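Novice: Quick one: structure below, then a few questions.
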Amino acid sequence: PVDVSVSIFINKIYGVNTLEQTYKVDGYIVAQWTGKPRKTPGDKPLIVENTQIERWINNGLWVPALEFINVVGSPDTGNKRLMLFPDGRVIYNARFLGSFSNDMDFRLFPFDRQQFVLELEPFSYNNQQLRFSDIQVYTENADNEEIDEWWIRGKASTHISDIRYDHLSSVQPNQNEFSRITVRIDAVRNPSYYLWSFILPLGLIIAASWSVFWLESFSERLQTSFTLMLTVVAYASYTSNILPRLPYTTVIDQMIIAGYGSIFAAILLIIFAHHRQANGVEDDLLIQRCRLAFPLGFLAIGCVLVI
Amino acid sequence: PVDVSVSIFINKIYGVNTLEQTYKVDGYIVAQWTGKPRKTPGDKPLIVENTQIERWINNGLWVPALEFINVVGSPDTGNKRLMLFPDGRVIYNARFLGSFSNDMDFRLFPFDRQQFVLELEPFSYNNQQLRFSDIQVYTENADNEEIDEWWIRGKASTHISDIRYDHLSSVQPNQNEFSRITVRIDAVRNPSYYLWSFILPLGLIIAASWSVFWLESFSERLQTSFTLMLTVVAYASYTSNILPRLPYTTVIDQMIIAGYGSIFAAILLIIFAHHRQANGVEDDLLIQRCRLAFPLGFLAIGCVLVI
Amino acid sequence: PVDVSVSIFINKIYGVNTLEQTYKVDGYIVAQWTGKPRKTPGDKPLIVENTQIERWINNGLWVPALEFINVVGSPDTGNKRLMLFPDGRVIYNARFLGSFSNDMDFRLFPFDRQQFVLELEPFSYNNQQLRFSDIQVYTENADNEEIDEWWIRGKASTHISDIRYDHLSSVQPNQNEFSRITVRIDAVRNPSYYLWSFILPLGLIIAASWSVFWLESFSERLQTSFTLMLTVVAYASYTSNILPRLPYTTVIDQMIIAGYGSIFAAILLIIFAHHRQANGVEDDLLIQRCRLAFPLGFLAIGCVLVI
Amino acid sequence: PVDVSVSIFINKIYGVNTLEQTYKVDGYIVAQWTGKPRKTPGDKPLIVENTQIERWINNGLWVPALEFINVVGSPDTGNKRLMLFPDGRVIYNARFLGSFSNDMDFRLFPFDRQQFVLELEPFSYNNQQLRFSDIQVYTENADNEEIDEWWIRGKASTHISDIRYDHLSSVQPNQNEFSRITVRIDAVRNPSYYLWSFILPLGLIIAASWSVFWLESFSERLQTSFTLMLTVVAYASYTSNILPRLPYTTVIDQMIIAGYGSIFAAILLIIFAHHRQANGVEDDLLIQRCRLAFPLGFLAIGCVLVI
Amino acid sequence: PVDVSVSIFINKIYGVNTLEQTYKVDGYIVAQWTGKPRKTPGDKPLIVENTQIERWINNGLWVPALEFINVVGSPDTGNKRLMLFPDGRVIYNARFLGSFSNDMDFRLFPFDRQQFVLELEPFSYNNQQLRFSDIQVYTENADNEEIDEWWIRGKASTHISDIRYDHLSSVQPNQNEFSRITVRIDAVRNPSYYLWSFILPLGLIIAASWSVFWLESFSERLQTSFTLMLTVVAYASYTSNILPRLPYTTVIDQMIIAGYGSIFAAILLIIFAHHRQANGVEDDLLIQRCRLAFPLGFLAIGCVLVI
């Protein structure tokens, strides 16, 4: 049972695809195991870069293929290097850029909690053939969060585990318990942009929306809210074109709903005010004074959504 | 006639291309057939990964090309593996990411249901040389629908059949009946985003549009309905930028049409109400307040359109 | 002069790029010719896959390169195979996905019909070395046009002809007439989306535009028409965001022009009615009632554009 | 010093990227030079296609690398051909599609003149090793200009030159004078589309914007110009989402500015009319009659624009 | 410790990706070191391009892989060339196009200043085996600045250093010491475009916003500011679709925020102005004549947050 030691160097996590539940990771893979000792030129380890590795493999170098389980497509492989030691041990080193998949919940956008994950697993060798001895992951992390879209939180979770496959080939004495490396890197979304350029102005609109009740005439009151209705639509599109595409509503998506909700409510109140009547235009001088009702009523219903 | 057992593992279905009628599937293919016995090191099964597989083929190993019939372009191939047994049998294993083709009807968007299909067929060996003995497809699925764009519902449909080609080649008899595997996976669109962020608000717009008839003046009535016209267009663009490109109208596209009409309907009546006359101000002293007619009249036309 | 019979299978025609004048074609190529008789295993036809094809050619198998003349870039090739029969016979079969170019006039959008074209020609061998004996094209077409973007019409036109090149080496008897296969497939665009979601609402905009003359006050007359101007613009953008970009105007583009045209013309009259005068206030109360006058003048100008 | 005769065949120039200052060129390369005599089968020229070309090179055949100096990335190479003649001649022929880079000034869009340029230079061999004897360029196109976005006007510019590099590796006497082929093709943008669908309605926007002065009341003056401001804003995106991205302003970009200026200018004129007074109400009937001033006052600032 | 001299030729720096913090670099790498002398044909240096380089490496030529440390993914390499001199020295020459990574702060866009960085480091050999003697960088450009997006300042700053990794594998003495070349090019964004076409009109918008106070009735004042709110919103989408996507606000974003604030501020004043009381509505004589207070008050806060 070959003991293989692994090291992950995380260079960059970027390009989250919200609809695909996808992100990109640039970094290096380092794999190490000990084979039977051999002749090295001089006596210091021999280095084999890129092209020449396939010719070592053709003549019988055992370089087990380690597959990135949750990678979408096949990773862009940078330089590869084999360092063969005289005492026997062999180290595989290669840089990669890959597209990885993991469950990504984006509902409380833009205040996301996600975790970028790497899962590594031997393509052909089970726990009886190849096992992962240990793994440290290096997030060459620090500084400049305010410049970056994502703020990394942990220093990285690691687990070596055994995954068993029930539905196989026509093999089964115990050949079904492959050993797996799992890397987890926690992150929080940078909410500042969506706050000031989306949350705040949207807020001013909805608030300013309510000032429609400070109009004197019923006529002014009613046709005016049609322009404000027209405003939320323009705002929605502005948001729409910019926000990440998702199959569900975000918090922002919801503020927009409420905004529409504000105005349709206002239309009804304005109308109700007018034609509930004792003459012709007895605008009930109590509901003309839904001036403070609806604005503070919007705060209460806004606060029911928290639990 | 070589019997081949096939197994597809579906890892990810994503990337719907609404216009090209295409979807991308990440997964593994496993194909098994029995060849001539020959003797592997020790006598335990011996593994041939990626690069070395082709080197076996040069020395004459029969590794048949099984083509993805409905794949668009040629798929991203991950690691390949041959597991060669001494008793003869050979197992082909490979990971793929492929863009697949299938007829896709999007008229009832965002309530379309689709089925993602794989078609596999040996490229060159007909049913009398190579035939598909069986195929199982395992969709590693569960839970999290509320998070995903698509909801897979069946656990997968299977079809092994014979495809007959009437013309080619200059072979006569029946080297024309290649054996084909067809995998089918049903899905429903998560309509939640489009419900709350498109259906509901458009509904409120059309609804508040009807609020034009509570206006007292004719000028108010007529001018305000222009704002209503401008709003549906603004919403129309808002919609367009997000909705998928199609060559036919969707349900949402139709609500848009409904909106334009309602307002255009109102314009005509408001004009009609005020201008055929004995008067100047000839508001038929009670179409005035077709306040419940037309709103109710629009809903009736709505339930006929569901026919 | 080697006689080569070719057969094309068209699987999918899609992804027209309007600016580039290009479209994508997925299908299979088949080429057959007779060489010198050879010895196949047994006496059965020998089949050769992908990789192994070149190794046949490295020791001298003649496989002439047939170039897709009007292809943009070089095609994505799927599985390839050589079928070698003992009597001399050779069949080349390969799947391809290619981006092809042809002159595409898009002025009468969305009522354009285009023709998808394939041109195939030997890369190195002229009239006298390689000859196209014949070619059939199988358009595996049928049904459901209502779902697809393009409506394939013919059963595809075919023409084998001789193309002469004037600029050679200065080689002397008739070294210059490569033989060319030309496949033509006619198509018409599905206008259904654009009719109901673009033309129709645009018409309603233009129509409701004319209702400005049913306003009684001049302020309303002039002020309102600015709101209608704004509407045509909002409609223009919505349209632009969706429509294919071209270097010329489409029918829809022209309709947008008319909308701008309709309103600016109205503006002048509304002003003209008011201020060309015999007092200050005699609105020509008939040019006011140009109410249905240039609506049919607009219909006349629309119907004159066909001759 | 080897004489190399070159021929460029331009098939297609398309896909200009305004931001990268990039354009795509499809065509064939033809290179011919005289080597030491060879003895070919029979003795009429021997043809070597694609893959087998590398096998001749391994075998000591001199096929010099000619680099496309100004290509961005490395070209999609189609089929390659070696024609080896018995008298010594060697002709290299290949199809290519590449994105090329060149300086492109886009300030006066859409009335741009651009020139699509090709530069070819041997990658490794200087003028004293490899020299360009002559050069022909063949542009496979004519007619149908009003269908294409760029109108090729000239034929093809050509110049063989010697480029000297002062900063090399440090090789001393004269190994720094590589010979360079420069192909230039002049073209005009098809401005028709932008004239009819952008410039023209923009004019109608601006002109009708000025009609705000034929309004009677002061409130009418001011309020409407806000609708007019909103309209021009409205025009900008409609414009923005469609026009190519640049880092500097175009003709059109300025036209928009002018519209903004015009409206802002109007507001001021309009407020001023009302409030500089001999009473309060003295609308100076020359500044309210800037009905013709301000319109032709823009045309003056307008034709000084052109000079 | 082999001393290697490097030369970077920058041809073009383009296509910055703001979200990815990425830029594209087209150019050449030249690496030279001195080997043990050889025997070349005749005695003049022998040239080995592209394909035949791997065949020289197979026979034992030491061509060390120098990795672009901060390259995202793996670069498009053009032609490769080995120049082998008889005195021993070996020159690696090859063209590249790559996407590179570096921290890019875009907060003061469009007045950001950035710095393009290249990092090179041998992939397998530490300072004691391969050492960087020097590096020359050729920035082949100057002038033509108002047309270019970025204004280059330096002619490239460079610094060669020794990087040691704390977390290695099996090495004990001090062999953890790879030598790194760091290339820096300082740059300016040309802000003129965003000045005239985004800053200016946004400014005219905010300015005319203040003209709301030159309205006479309260209904016009309050009702008009609703249209102006809509204008800024309309401006926002305009802007955002065009401005580069970032995870933070730019200056321009903040100008937008200010517009909303200005208008929302105007709303409160106009209403506050109105229910002000000693009666029902006594218009406070000068607080509505903050017609010029608020604008220069906006100019004052405009100048304070700059500090």
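Just remember, in the structure tokens the first chain shown is A, the second B, etc., residues are 1-based per chain, and ligands are 1-based in the order shown.
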Considering only C-alpha atoms, tabulate each residue of chain B that lies at most 12 Å from chain D along with its nearest interatomic pair and the corresponding distance in Å to one decimal; arrange the rows by chain and ascending residue number and present them as a tab-separated table.

Specialist:
residue	atom	partner	partner_atom	distance
B:227	CA	D:227	CA	11.9
B:230	CA	D:234	CA	11.9
B:234	CA	D:234	CA	10.6
B:237	CA	D:238	CA	10.6
B:241	CA	D:241	CA	10.8

Novice: Could you turn the residues from that selection into a file that holds N, CA and C atoms, as an mmCIF file, in the first residue's frame?

Specialist:
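Saved result, selection_4.cif, follows:
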data_model
loop_
_atom_site.group_PDB
_atom_site.id
_atom_site.type_symbol
_atom_site.label_atom_id
_atom_site.label_comp_id
_atom_site.auth_asym_id
_atom_site.auth_seq_id
_atom_site.Cartn_x
_atom_site.Cartn_y
_atom_site.Cartn_z
ATOM 1 N N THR B 227 -47.535 57.140 -19.566
ATOM 2 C CA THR B 227 -46.567 56.741 -18.563
ATOM 3 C C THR B 227 -46.645 55.243 -18.401
ATOM 4 N N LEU B 230 -44.919 53.679 -21.281
ATOM 5 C CA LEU B 230 -43.485 53.827 -21.130
ATOM 6 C C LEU B 230 -42.953 52.828 -20.090
ATOM 7 N N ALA B 234 -40.106 49.923 -20.484
ATOM 8 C CA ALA B 234 -38.983 49.888 -19.539
ATOM 9 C C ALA B 234 -38.840 48.522 -18.889
ATOM 10 N N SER B 237 -37.534 46.025 -21.602
ATOM 11 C CA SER B 237 -36.072 46.010 -21.742
ATOM 12 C C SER B 237 -35.407 45.312 -20.558
ATOM 13 N N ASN B 241 -32.922 41.780 -21.096
ATOM 14 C CA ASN B 241 -31.507 41.713 -20.836
ATOM 15 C C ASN B 241 -31.174 40.453 -20.058
#

Novice: Please give the complete set of residues from stretch 176-225 of chain E that DSSP, run on the backbone, assigns to helix (DSSP H, G or I), formatted as a ChimeraX atom specification.

Specialist: /E:192-214,218-225

Novice: Rank D:118, D:8, D:129, D:209 by their smallest atom-to-atom distance to residue D:264, using only C-alpha atoms, and report the top residue only.

Specialist: D:209

Novice: Env of residue C:290: 12 Å cut, atoms = only C-alpha atoms, seq-sep filter 2 positions within chain, self excluded. Answer as an NGL selection string.

Specialist: :C and (210-214 or 265-266 or 269-270 or 273 or 284-288 or 292-297)

Novice: Counting only C-alpha atoms, what is within 10 Å of residue B:146, bar same-chain residues fewer than 3 positions away, as a tab-separated table (two decimals) with C-alpha atoms, in the first residue's frame?

Specialist:
chain	number	residue	atom	x	y	z
A	105	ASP	CA	-25.62	28.89	-1.94
A	107	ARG	CA	-29.32	33.40	-1.43
A	247	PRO	CA	-32.20	30.77	-10.14
A	248	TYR	CA	-33.54	32.37	-6.97
B	143	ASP	CA	-31.23	17.12	-1.99
B	149	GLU	CA	-30.99	25.83	-11.56
B	150	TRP	CA	-32.46	22.48	-12.61
B	151	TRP	CA	-34.38	19.82	-10.71
B	190	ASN	CA	-36.45	26.17	-10.92
B	192	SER	CA	-38.66	30.65	-8.36
